[PDB]
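Heads up, the chain below is alone and in the form deposited in one PDB entry; it's given as structure tokens.
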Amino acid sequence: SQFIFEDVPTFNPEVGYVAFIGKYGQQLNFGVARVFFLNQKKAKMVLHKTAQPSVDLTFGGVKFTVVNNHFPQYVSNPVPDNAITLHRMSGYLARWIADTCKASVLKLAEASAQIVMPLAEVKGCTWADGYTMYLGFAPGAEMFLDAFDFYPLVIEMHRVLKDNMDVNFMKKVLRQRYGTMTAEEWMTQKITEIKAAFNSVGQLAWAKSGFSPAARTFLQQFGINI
């Protein structure tokens, strides 16, 4: 039925992260994250197909209670600020690796071996380019522009420029804080380091995914550009 309609009458990522670590922190290792970031795309699909508002997903051998944000019906439902979606959980895992890494070269080599960000590899970015950039490709990492030196922001700037991503997907990022500053503040006081990060990712073999360089050169000869 419902030929009847009636009236429809906050989130701090830094606290959400501390909550996340509080609950799952002891059980984490790079094997877990490796599996998460290789299967994040897959997990989003099963969430889409599954009619259950919260579900228990297991990556590596660690079970996470995740809010189903993706099943058609639930997209518009409010999410609690101490919950995790795949997006948040992606951001938190990325932050966790970032924090774990910086403080040891032994730890950085371990991550380099285990962890893969498809979204980074597609654009020809690797650990050699540095953890903040490489991990910056992870969904959710825009919550922590501090920790990833603005890479998440500039990476999304390039997708609209080069890959013709819809501009509206940047609305969110441009509301984020940089540690203690407002977006309305760091857009001003941080353009120097932002243009630097922008220029740095701008050096990555970014590609029209699915045409090799040799294929582009080939087509040019018959007057076809991409």
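Residue positions are given as counts along the sequence shown, with the first one as 1. Here, rigid core means the biggest group of C-alpha atoms that superpose within 1.5 Å across both forms. Residues that one form lacks are left out of the comparison.
Only in words, not in the display: the form deposited in another entry, which the text now covers.
Colleague: Cα of residue 215 displaced 2 Å or more between the shown form and the other one, core superposed?
Modeller: Comparing forms between the shown form and the other one, the residue 215 CA shifts at least 2 Å.
Colleague: Given that the distance between the C-alpha atoms of residue 126 and residue 210 changes by 3 Å or more in the other form, do they end up closer or farther than here?
Modeller: Residues converge in the other form, at least 3 Å closer.
Colleague: Based on a C-alpha change of 3 angstroms or more, tell me if residue 126 and residue 211 lie closer or farther in the other form than in the shown form.
Modeller: Those two alpha carbons end up closer in the other form.
Colleague: In sequence order, what stretches of at least three consecutive residues shift by 2 Å or more at the Cα level between the shown form and the other one, with the rigid core held as reference?
Modeller: Shifted runs of three or more residues, which all move 2 Å or more: 2 to 9, 207 to 222.
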